[PDB]
Structure formats: structure tokens, C-alpha cells
Amino acid sequence: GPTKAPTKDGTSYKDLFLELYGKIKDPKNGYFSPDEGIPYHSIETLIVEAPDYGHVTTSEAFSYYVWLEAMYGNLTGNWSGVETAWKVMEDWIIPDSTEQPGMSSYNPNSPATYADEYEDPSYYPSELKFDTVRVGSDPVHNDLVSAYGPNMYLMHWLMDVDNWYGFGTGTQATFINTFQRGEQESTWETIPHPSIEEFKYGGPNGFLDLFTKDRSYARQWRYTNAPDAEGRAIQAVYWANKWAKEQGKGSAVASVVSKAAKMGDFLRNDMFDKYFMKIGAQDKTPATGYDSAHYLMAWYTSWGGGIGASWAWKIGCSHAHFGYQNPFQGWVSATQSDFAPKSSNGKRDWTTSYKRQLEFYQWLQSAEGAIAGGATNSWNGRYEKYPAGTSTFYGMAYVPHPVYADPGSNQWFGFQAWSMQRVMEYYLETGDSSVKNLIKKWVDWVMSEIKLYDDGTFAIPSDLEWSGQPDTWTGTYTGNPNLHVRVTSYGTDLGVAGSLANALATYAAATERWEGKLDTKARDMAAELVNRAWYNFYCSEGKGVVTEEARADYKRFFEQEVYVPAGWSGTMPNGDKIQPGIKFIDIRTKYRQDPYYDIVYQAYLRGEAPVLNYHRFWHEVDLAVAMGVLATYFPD
Ligand SMILES: OCCOCCOCCOCCOCCOCCOCCOCCOCCOCCOCCOCCOCCO
């Protein structure tokens with residue numbers, strides 16, 4: 001568990017980085033799968049967050065792995081880690097040609113069939129509306145095909161690394177999905193299913209008719225990205241390239257740079273309305289050309305096609321969260337020669353996008369300084385009319401919690417750190433004064449909310465509450481006097497503390513570079529966060545840092561009803577019956593063999609929250625990269 005670090009006082013941030021790096025990479029510690037070398041969500045298996053099992057992982061984890069290795073190359077001159085990390089990503093979570101059969105049959109003039117989204121999972125399956133609803137046209141596909149051929153070079157968002165659900169073979173890493181039934185489907189409320197749907201498992205039509213209603217069903221494959229992962233990966237590779245070339249070792253990462261540029265080009269798919277409807281339509285009004293482009297990183301792009309028959313489809317997404325933007329990666333794709341898109345229009349599109357993203361952050365900045373949630377081009381996920389008085393951004397409606405409501409997607413303070421960290425890197429590398437007010441207001445805000453205790457502990461915001469709306473955007477920040485944040489709780493989340501330290505140190509470095517005076521308070525706060533995270537949460541088992549958390553939410557293992565339509569029946573691969581009346585655990589009965597099951601169940605029987613220790617991959621990496629940023633800009 002967490003203990004006071006034995007580390008000698010005054011240990012350099014470089015030395016801290018290299019110690020923590022070593023512990024992350026040590027095979028005995030178990031952060032990576034023995035067979036593929038894929039980073040798990042966490043060492044521990046019983047954990048329920050975005051993934052619902054700890055050895056399920058996400059494209060996020062793959063991106064953090066690349067970032068870790070880039071910093072290692074910076075500090076040691078050894079670039080093999082970057083090569084290895086990108087290879088693991090490309091080999092596993094980026095679907096290859098055999099895994100995207102028939103994508104060459106995609107028709108950009110008939111991209112997909114329309115379906116409503118709904119406010120509760122019990123409304124699903126959602127009817128596919130063939131020939132009742134016309135959709136718009138995809139203006140980027142052919143430009144990408146001309147450069148790269150038929151397939152998407154993006155990461156699917158979720159992978160069952162040791163085939164725990166059984167949808168794949170042996171213990172092989174397997175593409176899966178969970179979330180599918182709208183904004184109120186929490187992680188506790190999903191029915192896990194295979195991305196490659198061969199009807200082997202589930203019901204007669206596999207899992208398909210839990211989610212979509214149609215006259216017939218065909219075997220099919222489907223992937224969905226999370227563009228913050230790709231963005232982070234590319235961001236990392238910008239730094240790998242910069243640092244490697246400083247060392248005269250740019251050739252070691254040149255191939256990875258080319259792949260990152262390509263991935264960046266494919267992220268243009270995330271810039272479009274779900275069904276290529278006109279931005280601002282407030283109706284199901286199909287667009288052509290770029291009239292469906294919001295030029296933000298929306299929550300996903302998804303694509304799919306047939307197995308055993310040749311057909312394909314693609315959707316964007318109408319919802320954008322500030323937390324998923326990355327104007328740094330955008331600027332890299334737009335402006336950096338080595339990352340120049342191979343397609344004819346990628347550079348232009350990215351130039352438009354990174355600037356639009358920067359406006360988005362400004363529009364969303366509350367009176368206090370925290371960044372509010374985002375916007376949608378599809379009110380209620382059904383292209384409904386905006387309510388009276390709705391504030392807008394280029395025709396998109398403000399929403400405080402884009403995409404998901406259980407919990408509200410902008411309650412989590414962590415998005416402030418993850419996303420504004422990218423804005424700091426953008427300011428550092430450009431000195432663009434257009435974002436100075438944004439970043440200074442956010443820094444002064446966040447630093448007013450960090451608590452440093454005389455006993456050497458710390459607290460940072462954990463949960464946020466929002467009221468009001470920004471003013472409608474006309475190109476200039478108004479101060480948004482009626483958009484308000486309140487911090488409702490604080491905590492010691494190690495990864496957020498690291499990300500925040502990263503943001504503050506990067507900002508400090510930028511102030512030194514551009515402003516003629518270093519913000520030493522920002523520098524020092526970054527140092528304090530790293531120091532206090534490391535010192536108070538050092539893992540006694542030598543695995544890095546570790547949390548100790550009461551998980552009151554884990555009563556949902558046993559209490560959460562999972563919606564199944566009346567009359568539907570099927571089985572999970574292990575034989576668990578999927579039918580009305582199931583709870584979370586009932587379709588995941590292998591959890592009863594987890595080494596921490598008894599602790600969680602016995603706590604439940606006592607009416608108590610169980611207390612668990614976790615080593616999340618992204619926690620370890622966000623802290624390590626923060627140590628590295630300090631080492632880079634503030635050595636000694
Ligand atoms: O010719 C016949 C063809 O007909 C066939 C029809 O084919 C169908 C095609 O269209 C189908 C329409 O389907 C709609 C698809 O939309 C659903 C998308 O669902 C997948 C979305 O995946 C995204 C998952 O999102 C959840 C991830 O959120 C994580 C939040 O991040 C926060 C992480 O921070 C950790 C916090 O830690 C807290 C610890 O205290």
C-alpha cells in the first residue's frame with residue numbers, strides 16, 4: 001500500500017523519473033501483458049471505470065505508453081522504447097486490413113443509416129431509419145484514400161487484453177465494446193460484446209439487436225475511436241522527434257513520425273457531425289462538402305462493415321467535449337513539416353481545426369476560469385430544436401455534460417488538467433498571445449483551488465458543478481459572467497496531480513520563454529504536486545505509486561440492474577445467461593474468482609464501501625511525465 005517514500009530529500013526530477021520509469025517497465029510488476037506487451041488499465045483486475053475490468057485496456061493507455069517512452073528517450077538518449085510502443089499499438093489496437101474487410105466498398109455519398117440516441121438504455125434498441133431519413137455526404141474519405149488506400153489508421157477504443165470475456169481465442173487481445181445505449185448508460189449498465197460480430201455469442205443475432213432495431217441482421221465488424229488517445233500519441237511523437245533530433249538521432253523515430261502524421265490525418269474523421277448533417281441545422285438536414293464539419297475533436301468516429309459480404313459505413317459524432325480537444329496535436333499536424341499530412345487537404349483542415357479548438361476553450365471559460373463542458377450539433381442526439389435561450393458556438397448548442405450523464409461528463413476535474421496541459425504545450429511552442437488570457441485566467445483559478453497542507457499532504461479538486469451558460473460566441477471572450485463552476489469535492493488523484501503538475505510546469509517554462517519573467521509560483525506548485533504525490537503515495541511493493549480508495553460505487557456490482565429487452569435472451573461466452581433481471585455481476589461471473597472479490601462482496605454485505613489499492617497505468621505515467629517535464633525545463 002501507500003507509504004512515505006524512502007527517497008533522499010533533494011532527489012532530482014530526472015532521478016525520480018528514471019526510478020518510476022524503471023518500476024513501470026519492470027515485467028515483475030505486471031503493468032503490461034506477458035504475451036503482447038500491451039499496457040493494462042491497471043495492475044489490479046477488479047476495477048470498474050471506463051473499462052469494467054482492469055486487464056481490459058483502452059487506446060488511452062497505448063497513447064500514455066508512447067508518451068512515457070518519448071520522455072525516456074529525452075532523458076537518456078535511448079529511442080527503442082518509442083519504436084516498441086508504437087509497434088505494440090499498430091500490431092494490436094489499430095485494426096489491420098484483415099480486420100477491416102470490405103472497407104474499400106465504403107460509399108462517402110451514403111455513409112451510414114440514421115438512428116436516434118435516447119436518454120435511457122431502456123429505450124434501446126434504436127431503430128435504423130432506412131430511406132426515411134436522408135443523411136449527408138463525407139467530404140474527407142477520398143482525400144484520405146488517395147494517400148493511404150482503403151483502411152482507417154485509427155485506434156479502436158477498447159481491448160480485452162487477455163480475452164477475459166471470452167469473445168476471442170485463448171488469451172489473445174480482442175477488440176470489444178461496451179457503451180452503446182446512450183447518455184445514461186453508466187459503465188455498470190452495459191452488456192459487453194465483440195467488435196467482430198459473428199453471432200457466436202449472445203443471441204441469434206449476436207448482440208446486435210440489443211442496440212439497433214432492423215428487419216434483419218448480418219455478421220459485421222465495427223470500431224470506434226477516442227480521439228484524445230490518438231491526439232496524445234501524436235503529441236508524444238512531436239516531442240520524441242524534437243528531442244531525438246536535438247541528439248542527432250532523428251532517424252531512430254522517423255518511421256514512427258510518419259505513422260503519427262498519418263494517424264493525425266485520419267483524425268479529420270472526428271471533425272464531422274455524426275450523420276454529416278449541416279452544422280447549426282437543428283434538424284436532420286443533410287450536408288455536402290464541409291458544411292457538416294464542426295472542426296473539433298468530437299467524442300468519436302466509428303466505422304464498420306460486413307463479414308462475408310462487402311459493405312461498409314462510417315459516422316462522425318455531433319458532440320464535442322473540451323476535454324477531448326488537443327490544439328497542440330492540431331498545431332503539429334497543421335504546421336510541422338515532418339507531420340505534414342500526405343493527403344491533399346489535411347494541412348488546410350488541421351489549420352482550421354486547431355484554431356477553432358482554441359476558440360472553443362475560450363468560449364467555454366467560466367467566470368472563475370475553469371473550462372465548461374462543450375457543445376452539440378444534435379440536441380438530445382436526435383437533431384432537436386435548441387431550447388429557448390440556448391447559447392451557441394458556430395451554431396452548436398452549449399451543453400454542460402457532453403455525451404454522458406451518469407456521472408455528468410464534466411463533473412471530473414481531471415479533464416481540466418488533461419486538456420489544458422495541451423494548451424500549455426501549444427503556448428510553450430508558439431508564444432501565441434491569443435491564448436494568454438485564457439491560460440492565465442485558468443492558472444490563477446486552478447492554483448486557488450490546490451491545497452498544500454503543513455503536514456506535507458495535498459488536495460486538488462476532484463468534482464465540479466456547473467451553472468449557467470457562456471454567452472453566444474461572436475469571436476471574442478465576454479468573460480461569461482453567468483457561467484459558473486463550483487468545486488464540490490477534493491482528493492489526491494495521483495494521475496490528475498501529475499497531469500496538473502505537467503500543465504503548470506509547462507506553463508512556467510512558457511512564461512520564462514515568452515514573457516520576460518518566469519512564473520515561479522507555477523514552477524513551484526508543479527514541484528510540490530510531484531513531490532507530495534511521490535512522497536505520500538510511494539508503493540511499498542516497489543511498483544511506483546499507489547492509491548488507497550474507498551469505492552462506495554462498488555455496491556453497483558450487486559445492485560445495478562442491467563436492462564435487457566423483454567423477450568430477448570442470449571449468453572455470454574462463459575455461459576452466463578443474458579435476460580431481463582440480470583445485475584452487473586450476473587453477466588460477469590468470472591469476477592467471483594477475482595482475488596479481491598471476497599473483500600468487495602463482504603463489504604457489500606456489511607453495507608460498507610470496500611477499500612482498494614490501485615496502480616493505474618495512466619496514473620503512473622502522468623506522474624512520471626510531470627517529473628520529466630520538470631527535469632527538462634527546470635533541471636536542478
Ligand atoms: O446494408 C445494411 C447495413 O446496415 C447495418 C447498420 O450498421 C450500423 C451502423 O450504424 C450504427 C449506429 O450506431 C450508433 C453508434 O453510436 C454508439 C457509440 O458507442 C461507442 C462509444 O465509445 C465511446 C466510449 O465512451 C466511454 C469512455 O468515457 C471515458 C471517460 O473518460 C474519463 C477517464 O478518466 C478516468 C477517471 O478516473 C476516475 C477514478 O476516480
Side-chain angles (χ1 to χ4, degrees), residues 5-25 64 66-82 235-250 252-253 328 417 420-431 439 443 447 450 452 456 458 494-495 497-536 538 544-545 620-636:
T7 316
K8 178 161 183 155
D9 214 49
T11 295
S12 76
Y13 292 114
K14 176 163 175 177
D15 288 348
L16 287 179
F17 174 83
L18 296 169
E19 173 175 344
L20 179 50
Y21 176 87
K23 292 180 172 177
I24 294 164
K25 298 299 301 298
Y64 270 106
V66 179
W67 206 4
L68 181 70
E69 297 294 358
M71 185 61 70
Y72 178 73
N74 178 31
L75 298 176
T76 74
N78 295 321
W79 292 104
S80 63
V82 169
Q235 166 181 11
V237 173
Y238 168 91
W239 294 107
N241 187 58
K242 175 177 178 291
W243 295 330
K245 286 181 172 303
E246 278 167 7
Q247 302 172 12
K249 297 179 176 181
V253 299
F328 184 72
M420 288 297 294
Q421 186 280 334
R422 301 158 190 154
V423 178
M424 299 318 179
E425 280 190 0
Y426 171 81
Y427 183 56
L428 176 60
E429 294 301 273
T430 68
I439 65 183
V443 166
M447 289 205 295
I450 296 166
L452 301 179
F458 75 97
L494 300 175
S499 175
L500 182 53
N502 186 335
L504 291 174
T506 298
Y507 171 74
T511 62
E512 186 148 29
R513 184 175 293 173
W514 303 110
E515 298 182 13
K517 194 203 177 305
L518 171 68
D519 186 339
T520 63
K521 177 182 170 199
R523 179 199 64 194
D524 294 343
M525 180 60 78
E528 286 300 332
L529 287 171
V530 166
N531 289 337
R532 293 173 189 238
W534 178 258
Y535 176 79
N536 292 280
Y538 181 90
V545 297
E620 313 295 321
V621 180
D622 258 323
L623 179 58
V625 171
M627 292 165 170
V629 170
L630 286 161
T632 298
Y633 299 105
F634 303 101
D636 68 73

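Residue numbers count from 1 along this sequence.
When all heavy atoms of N502 and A626 are compared, the closest pair comes out as N-CB, 3.9 Å. Of all the heavy atoms in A505 and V629, the pair that sits closest is CB-CG1, 3.8 Å. In terms of heavy atoms, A509 sits closest to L428 at C-CD1, 3.8 Å. Across every non-hydrogen atom of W67 and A236, the tightest pair is CA-CB, 3.5 Å. Between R422 and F328, the shortest heavy-atom contact is O-CB, 3.5 Å. For the residue pair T11 and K8, the shortest heavy atom distance occurs at OG1-O, 2.6 Å.
Between the side chain of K249 and the backbone N or O of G77 there is at least one donor-acceptor pair closer than 3.5 Å. Under the 3.5 Å distance criterion, the side-chain polar atoms of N241 are left unmatched by any main-chain donor or acceptor of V237. Between the side chain of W243 and the backbone N or O of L75 there is no donor-acceptor pair closer than 3.5 Å. Checked by atom type and distance alone, the side chain of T430 pairs as donor or acceptor with a backbone atom of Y426 at under 3.5 Å.
No side-chain heavy atom of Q421 sits less than 4.5 Å from a side-chain heavy atom of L500. Contact check for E425 versus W239: side-chain heavy atoms found under the 4.5 Å cut-off. Contact annotation: the side chain of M627 approaches that of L623 to within less than 4.5 Å [non-hydrogen atoms, C-beta and beyond]. Side-chain contact between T76 and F17: absent, with no pair of heavy atoms (C-beta onward) separated by less than 4.5 Å. The shortest side-chain heavy-atom distance between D519 and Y507 falls under the 4.5 Å cut-off. When side chains are defined from C-beta on, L630 does not count as touching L16, because their heavy atoms never get closer than 4.5 Å. Taking 4.5 Å as the limit, every side-chain heavy atom of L494 sits out of range of all side-chain heavy atoms of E620. Contact annotation: the side chain of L504 approaches that of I450 to within less than 4.5 Å [non-hydrogen atoms, C-beta and beyond].
For the atom pair CG (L68) and OH (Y21), the distance works out to 6.0 Å, reported to the nearest 0.5 Å. Atom CD1 of residue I24 and atom OH of residue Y72 lie 12.5 Å apart, to the nearest 0.5 angstrom. With values rounded to the nearest 0.5 angstrom, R532 atom CZ is found 9.0 Å from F458 atom CZ. In this structure, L18 CG and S12 OG are separated by 8.0 Å, a value rounded to the nearest 0.5 Å.
Residues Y535 and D9 have side chains that never bring a donor and an acceptor to within less than 3.5 angstrom of each other. Side-chain atoms of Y238 and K242 form no donor-acceptor pair, as typed in the model, at a separation below 3.5 Å. With 3.5 Å as the limit, one finds a donor-acceptor pair spanning the side chains of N74 and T632.
The side-chain contact (heavy atoms from CB on, under 4.5 Å) test applied to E512 returns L518, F634, not counting sequence neighbours. Not counting sequence neighbours, the partners of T7 by the side-chain hydrogen bond (donor to acceptor under 3.5 Å, both in side chains) test are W534.
With respect to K25 and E69, a salt bridge is recorded, a charged nitrogen being found less than 4.0 Å from a carboxylate O. Salt-bridge formation is detected for the pair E429/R513: a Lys NZ or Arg NE/NH1/NH2 atom is positioned less than 4.0 Å from an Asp or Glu carboxylate oxygen.
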